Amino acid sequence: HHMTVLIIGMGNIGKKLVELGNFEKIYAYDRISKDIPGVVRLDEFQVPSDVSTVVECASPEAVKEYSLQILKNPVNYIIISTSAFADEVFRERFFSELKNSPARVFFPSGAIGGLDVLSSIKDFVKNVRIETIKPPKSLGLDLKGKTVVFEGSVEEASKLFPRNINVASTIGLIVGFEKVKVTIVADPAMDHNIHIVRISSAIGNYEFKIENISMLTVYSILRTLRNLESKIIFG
């Protein structure tokens, strides 16, 4: 129940965070007009001086909008709309500011896993291929067989699928965007989405298959928060 936090975005993830997390005080900023529950609803975006951690779970646009200011504060800054970093200009600017920042940035693994291994051997990574397999229905397609609907860079995928591509962008932040190839497949035999991350490196080869039933992302954030003060740290 310890810290005071600021949560940007009170949507699916944000409400679940307030619901599950234990905070002494919660500031929240979200353009929406929903009636606030257990949060201090800010009208103007700002970073109250008693905030120790800022959590973004709003959108890539939000990351570009408030990051400049947030980084000026001595806070832990957790980001999940990482697709924003597929933008070279913004990416360059963000980390430029960070070097001069009193803040600390956390990129939880979110909807995928294996990022403990990836960040450990990042310099030796030759390439990472990430494949997302989805039910055709989710794409509004009727197919008799699996079909590739996209293959290319993270930047290109983020443009065509403004929704997804966050997981690939985080991987991009870790190993370098030029080493990540994204493939999106519509498969009629699939009931739900699957993410397969294949890593080739000079240290070894790794494959992480993720089949979620985004509940995982919420718990990913809660763990990052829990780890801020925990005496037992895994991964």
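Each residue number is its position in the shown sequence, starting from 1.
I'd like the number of residues from the deposited sequence that lie between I213 and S214 yet are not in the model, binned as none, 1 to 3, 4 to 9, or 10 or more. Count of unmodelled residues in between: 4 to 9.
In the PDB record, does 42 to 50 or 192 to 200 carry the higher mean Cα temperature factor? Of 192 to 200 and 42 to 50, the stretch with the higher C-alpha B-factor average is 42 to 50.
For the higher mean C-alpha B factor in the entry, choose 24 to 32 or 54 to 62. Taking the mean B-factor of the alpha carbons in each, 24 to 32 is higher.
Have a look at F107, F124, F150, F90 and flag the one whose Cα has the highest B-factor in the entry. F90 has the highest C-alpha B-factor of those listed.
Kindly indicate the residue among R163, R129, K134, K146 with the greatest C-alpha B-factor in the PDB record. Result of the comparison over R163, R129, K134, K146: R163.
Within this chain's modelled residues, let me know which third the CA B factor of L68 belongs to: lowest, middle or highest. As the PDB entry reports it, the C-alpha B-factor of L68 lands in the highest third of its chain.
Please say which third, lowest, middle or highest, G113 falls into when its CA temperature factor is compared across its chain. Bottom third by C-alpha B-factor.
Tell me, lowest, middle or highest third: where does the Cα B factor of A157 rank within its chain? CA B-factor rank for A157: highest third.
If you rank every modelled residue in this chain by C-alpha B factor, which third holds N76: lowest, middle or highest? Its C-alpha B-factor belongs to the middle third of this chain's values.
What third of the chain does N227 rank in for C-alpha temperature factor, lowest, middle or highest? It belongs to the middle third of the chain when residues are ordered by C-alpha B-factor.
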